Amino acid sequence: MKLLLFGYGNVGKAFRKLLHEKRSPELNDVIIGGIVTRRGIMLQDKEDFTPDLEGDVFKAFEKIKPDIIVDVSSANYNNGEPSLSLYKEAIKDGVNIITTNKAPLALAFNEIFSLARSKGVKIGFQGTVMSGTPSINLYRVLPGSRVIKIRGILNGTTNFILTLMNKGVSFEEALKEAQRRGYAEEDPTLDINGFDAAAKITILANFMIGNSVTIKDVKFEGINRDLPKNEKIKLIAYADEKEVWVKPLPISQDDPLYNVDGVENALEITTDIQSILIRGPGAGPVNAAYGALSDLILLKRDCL
Amino acid sequence: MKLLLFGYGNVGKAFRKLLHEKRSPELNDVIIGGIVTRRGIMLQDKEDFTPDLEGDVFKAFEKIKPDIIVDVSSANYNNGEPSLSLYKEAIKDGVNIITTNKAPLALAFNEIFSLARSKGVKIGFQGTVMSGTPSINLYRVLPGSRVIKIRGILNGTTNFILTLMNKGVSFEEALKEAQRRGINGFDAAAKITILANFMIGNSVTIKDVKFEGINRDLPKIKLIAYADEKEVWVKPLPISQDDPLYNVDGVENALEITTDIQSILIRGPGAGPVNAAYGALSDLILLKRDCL
Ligand SMILES: [Mg+2]
Ligand SMILES: [Mg+2]
């Protein structure tokens, strides 16, 4: 089982590590044919990235001919590239996709999944929502339930920030602390302007409801310190059959989301049978990589 | 695929209704070979139960020769019978089991599952713990992680009664108020036994659980089930405001799975006929997909 690993920051390295910890027998035949980053292509499975050749992901894909692409690269919300056209071409080749990269599914879910459905190709995408906390994969074990509405906290960075702000730390200081900790990048736009949460609710509305939505259809706002006096604020993502949105709201103590704090995330799934809530870490590179690994083993069991 | 439905109270009625609701392409070829109750054997798929033959689940097993036994009969916590010997005969014939009956698994998990593993037979058992809220099946989507500890609220009723007590409506009134919407912590004890066998690998039976139910004058207390490699117990505990279980009130279950990677918690409605039947139905589809 040959993997092409696209991306190698912290999530990529954590993925490589988990895989080599032999946590499952389904993973005995798994090889890393290559790893591709901004700095080139490494045709070897080593802990540190040293490129062997110049080139992008398309060149790597053509040279390696993997069985699976593991996509842990950064979300590009402008157009989803190069991941979007990379997924389309791989699926046509009967190449499976495992992704934590939100952008292509947030932009072109129906385009991706129809084509995957037509070619019998499997897409792991647990890592796109709530990292290693089953969200996509939770729904997989709820077959035949019809989802009515979803509601949750879907962004680790802004939750950690709004948690600190509830404790008397300023927006600015909670920002710098999220960055020192790695949860937020030097440019935290996607988190703080709410793109990330909006991407996630888009994916969930697509997969769980069956709404044919893109991130364009989502009315969203991020965080900024013009927020309510004496409230615990949460960046709430919502979707049903009719609407999908993300906004920071005052949370009351009776809400099952009130105490979902720090990098913790939660999802409330209301179905025709029941209303369930799941909670766990929303960020952390080990967590995100574990989402991808969960998909990998599931793919190996033919359970995607 | 031919089912034998064992039990036809509310859960079994709810399962038969769900199955014909055309919920999945996986369920297009599924037929009910027969339904068994304590009054006998109906060899037909109908809404109303009327016996075609007298005789027990063993006679029905022989007469129908099904592919799958769906067990939604009531828990017999004395000895797990007839389900426990039924399951053994089933597995030995290559017949899969989907169950909501806690008792056989709570009393003799290792005996059932060693047999099934050696014979290659899949068991669906989601409905035994937290009904239709993925618990057993949550851990199925957590592959390659090691479960260090479990914690939770595994009985809706006791949880609901405890909710009113701390709120003001103390033990006497809360007892009576509960019955209007309708205690020793036994039911949580069976559920935690199953969770400990499957997720931790502790070869526990119900007799190993140190369990105590609610008292009259509790000095926010919750009925808490817990397991790890060392211990399995159910104690009423005053729970800290920092707990993610603190807000789990009413007729609700919740489960905190702690692995080497992460700590996750799932919460849903406790136990109900449609919920319970949905757990069995989920397992059925999962089994059809070969994902058990
Ligand atoms: Mg190589
Ligand atoms: Mg485009």
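Residues numbered from 1 in each chain as written, not as in the entry; some residues may be left out. Chains lettered and ligands numbered in written order. Heavy atoms only, no water. Residues with missing side-chain atoms left out of burial classes, pairs and counts.

### Side note on the overall build of chain B
Here's step 1: Scanning chain B for helices and strands turns up 9 helices and 12 strands.
Here's step 2: What you see for chain B is a C-alpha radius of gyration of 19 Å, in line with the 19 Å of a compact globule of 292 residues. (Helix = DSSP H or I, 4+ residues; strand = E, 2+ residues; numbered from the N terminus. Rg over C-alpha atoms; globule rule 2.2 N^0.38 Å.)

### Topic: the environment of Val263 of chain A
Residue and element names in this part refer to chain A.
Here's step 1: Mapping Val263 onto the fold places it in the loop between strand 10 (244-251) and strand 11 (264-271).
Here's step 2: Overall, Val263 belongs to the buried group, its relative accessible area being 17%.
Here's step 3: C-alpha of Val263 to C-alpha of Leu154: the two residues are 109 residues apart in sequence and 9.6 Å apart in space.
Here's step 4: Once residues within four sequence positions are removed from consideration, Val263 is found in contact with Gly156, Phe160, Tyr183, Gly280, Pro281, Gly282 and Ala283. (Buried < 20%, exposed > 50% of the residue type's maximum accessible area, 1.4 Å probe, protein only. Contact = heavy atoms within 4.5 Å.)

### Here's the deal with the pairing of strand 9 (residues 221-227) of chain B
Residues and elements named next belong to chain B.
Here's step 1: Strand 9 sits mainly inside the fold: 7 of its 7 residues count as buried.
Here's step 2: Across the two faces of strand 9 the burial is the same, with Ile221, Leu223, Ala225 and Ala227 and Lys222, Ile224 and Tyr226 all buried.
Here's step 3: Pairing of strand 9 with strand 10 (residues 232-238), which is carried by 7 bridges, proceeds in the antiparallel orientation. Note that in strand 10 the partner of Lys222 across the bridge is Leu237.
Here's step 4: Hairpin connection between strand 9 and strand 10: a loop of 4 residues separates the two successive antiparallel strands. (Pairing = 2+ DSSP bridges.)

### Quick notes on the domain arrangement of chain B
Residues and elements named next belong to chain B.
Here's step 1: When its domains are assigned, chain B resolves into domain 1 (1-143 + 269-292) and domain 2 (144-268).
Here's step 2: If you look at the interface, domain 1 gives 21 residues, while domain 2 gives 28 residues.
Here's step 3: Both faces considered, domain 1 and domain 2 share a buried interface measuring about 2,300 Å² in area, 75% of it formed by carbon and sulfur atoms.
Here's step 4: At the junction of domain 1 with domain 2, the criterion picks out 0 salt bridges.
Here's step 5: Inspection of the region where domain 1 meets domain 2 yields 4 residue pairs in polar contact.
Here's step 6: Residue assignment for the side of domain 1 that touches domain 2 shows that the elements contributing at least two residues are helix 4 (102-119) and helix 5 (136-140).
Here's step 7: In terms of residues, the side of domain 1 that touches domain 2 owes the most to one element, helix 4, which gives 6 residues.
Here's step 8: Here the residues of the side of domain 1 that touches domain 2 sort into 15 nonpolar, 5 polar and 1 charged. (Domains from an automatic or database assignment. Buried area = accessible area lost by both parts, 1.4 Å probe. Salt bridge = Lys/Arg side-chain N within 4 Å of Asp/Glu carboxyl O. Polar contact = N/O pair within 3.5 Å; in protein donor to acceptor, adjacent residues only side chain to side chain. Nonpolar A, V, L, I, M, F, W, Y, C, P; charged D, E, K, R; others polar.)

### Overview of the state of the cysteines
Here's step 1: Inspection of the entire model under this criterion finds 1 disulfide over all chains.
Here's step 2: Two residues share a disulfide in this structure: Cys303 of chain A and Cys291 of chain B, whose sulfurs sit 2.1 Å from each other. Given an S-S torsion of about -110 degrees, the disulfide between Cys303 of chain A and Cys291 of chain B has left-handed geometry. Of this pair, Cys303 of chain A sits in the segment after helix 10 (285-300) while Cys291 of chain B sits in the segment after helix 9 (273-288), which puts the two residues in different chains.
Here's step 3: A residue is classified by how much of its surface remains accessible, and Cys291 of chain B, at 15% relative accessible area, is buried. (Disulfide = S-S within 2.5 Å.)

### Digging into the sheet that holds strand 9 of chain B
Here's step 1: The strand order across the open sheet formed by 12 strands is 8(A)-10(A)-9(A)-7(A)-11(A)-12(A)-12(B)-11(B)-7(B)-9(B)-10(B)-8(B), and the pairing between neighbours is mixed. Among the strands making up the open sheet, the edge pair consists of strand 8 (219-220) of chain A together with strand 8 (210-211) of chain B.
Here's step 2: Where strand 9 (residues 232-240) of chain A and strand 10 of chain A come together, 8 bridges link them in antiparallel fashion. When the sheet's bridge partners are listed, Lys232 of chain A is paired in strand 10 of chain A with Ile251 of chain A.
Here's step 3: Each of strand 7 (147-153), strand 9 and strand 11 (252-259) of chain B touches helix 6 (residues 156-167) of chain B; the most contacted strand, strand 9 of chain B, lies at about 145 degrees to it. (Axes fitted to C-alpha atoms, helices over the stretch in contact; angles between N-to-C directions.)

### Concerning the side chain of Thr158 of chain B
Here's step 1: With respect to the helices and strands, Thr158 of chain B occurs in helix 6.
Here's step 2: Setting aside residues no more than four positions away along its own chain, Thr158 of chain B makes contact with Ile183 and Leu223 of chain B.

### Looking at the packing of helix 4 of chain B against helix 8 (residues 186-200) of chain B
Residue and element names in this part refer to chain B.
Here's step 1: Between helix 4 and helix 8, whose axes approach to 9 Å, the crossing angle comes to 55 degrees. Classified by the angle their axes make, helix 4 and helix 8 are oblique. The handedness of the crossing between helix 4 and helix 8 comes out as left-handed. The residues of helix 8 that touch helix 4, namely those facing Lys102, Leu105, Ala106 and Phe109, are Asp187, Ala190, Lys191, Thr193, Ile194, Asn197 and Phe198. (Parallel < 35°, antiparallel > 145°, perpendicular 65-115°, else oblique. Left-handed = near helix turned anticlockwise from the far one by under 90°.)

### Some details on the interface of chain B and chain A
Here's step 1: Contacts between chain B and chain A engage 35 residues on the former and 34 residues on the latter.
Here's step 2: The junction of chain B with chain A conceals about 2,900 Å² of combined surface from both sides, 59% of it contributed by carbon and sulfur atoms.
Here's step 3: Among the residues of chain B in contact with chain A, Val141, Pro143 and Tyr278 of chain B are the three that bury the most area, contributing 21% of the side total.
Here's step 4: One can count 2 salt bridges joining chain B with chain A.
Here's step 5: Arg23 of chain B is the partner of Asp272 of chain A in a salt bridge, and the nearest nitrogen-oxygen pair spans 2.6 Å.
Here's step 6: Linking chain B with chain A are 18 residue pairs in polar contact.
Here's step 7: The biggest single contributor to the side of chain B that touches chain A is strand 12 (residues 263-269) of chain B, with 7 residues.
Here's step 8: Partitioned by chemical class, the residues of the side of chain B that touches chain A number 17 nonpolar, 11 polar and 7 charged.
Here's step 9: Relative to strand 12 of chain B, strand 12 (residues 275-281) of chain A runs antiparallel, the two sharing 3 bridges.

### Quick notes on the domain arrangement of chain A
All names here are of chain A.
Here's step 1: As far as domains go, chain A holds domain 1 (1-143 + 281-304) and domain 2 (144-280).
Here's step 2: Computed over C-alpha atoms, the centres of domain 1 and domain 2 are 24 Å apart.
Here's step 3: Domain 1 puts 24 residues into the contact, and the matching count from domain 2 is 31 residues.
Here's step 4: Approximately 2,400 Å² of surface area, both sides summed, lies buried where domain 1 meets domain 2, with 74% of it carried by carbon and sulfur atoms.
Here's step 5: Among the residues domain 1 hides against domain 2, the three largest losses belong to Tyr77, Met130 and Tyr139. Together they make up 26% of the total.
Here's step 6: Taken together, the connections running from domain 1 to domain 2 amount to 0 salt bridges.
Here's step 7: Of all elements in the fold, only helix 4 (103-119) and helix 5 (136-140) reach the threshold of two or more residues within the side of domain 1 that touches domain 2.

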